[PDB]
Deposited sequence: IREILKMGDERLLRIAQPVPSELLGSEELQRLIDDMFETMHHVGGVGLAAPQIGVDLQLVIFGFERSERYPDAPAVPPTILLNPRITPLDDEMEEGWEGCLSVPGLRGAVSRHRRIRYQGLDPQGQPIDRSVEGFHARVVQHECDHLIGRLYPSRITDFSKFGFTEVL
């Protein structure tokens, strides 16, 4: 169980380093992944990026039992499948107490590596697509407030 960094912390602004291929399949990468699951799960989040716990790596996890498969994604690359955008409510453990509506691509392809270096290549839409965009934003130093285009839909969760 690891401390989730909060918006304002300069570490969330980094462009994360790729996971080195030497670390694929290692116990250390395993431990990091397990800590991330334990951390995400303890605070009840749908996703977590390694930078939010202060680890400078292109690694994210996400899962929701609109269900989304439990996934561990390294060194990702996202490709929008079209121009259709869709607004949805988002929150984030690094921005506690808030929700905001954010416009994302409705459908994406994502690629990357699983923790053993096996290739991942999925096309997905709706919520799954949103989660993946949201978590990969952490790897380029972006939190969702920086993606809001309608500020009337940004506020405290209990107020909204």
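What portions of the deposited sequence, indexed from 1, have no corresponding C-alpha atom in the structure? Seq positions lacking coordinates: 66-73, a single run.
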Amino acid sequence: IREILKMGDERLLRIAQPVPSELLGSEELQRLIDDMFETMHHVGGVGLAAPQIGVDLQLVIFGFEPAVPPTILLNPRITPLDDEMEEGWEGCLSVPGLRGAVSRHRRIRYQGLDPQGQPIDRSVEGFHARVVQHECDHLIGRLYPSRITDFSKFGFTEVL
From here on, numbers count along this sequence of modelled residues.
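Per the record, averaged over C-alpha atoms, which has the higher B-factor: 102-110 or 37-45? The recorded data point to 37-45.
According to the deposited entry, which of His128, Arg31, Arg122, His134 has the largest Cα B-factor? Highest C-alpha B-factor among the listed options: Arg31.
Quick one: classify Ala67 as lowest, middle or highest third of the chain based on its Cα B-factor. Within its chain, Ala67 is a highest-third residue by C-alpha B-factor, going by the deposited values.
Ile15, C-alpha B-factor rank within chain (lowest, middle or highest third): Highest third, going by the recorded CA B-factors of the chain.
Chain-wide C-alpha B factor ranking for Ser26, given as lowest, middle or highest third: Highest third.
Taking the chain's C-alpha temperature factors as the reference, tell me which third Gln52 falls into: lowest, middle or highest. CA B-factor rank for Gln52: middle third.
Ranked against its chain, the third holding the CA B-factor of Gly117: Middle third.
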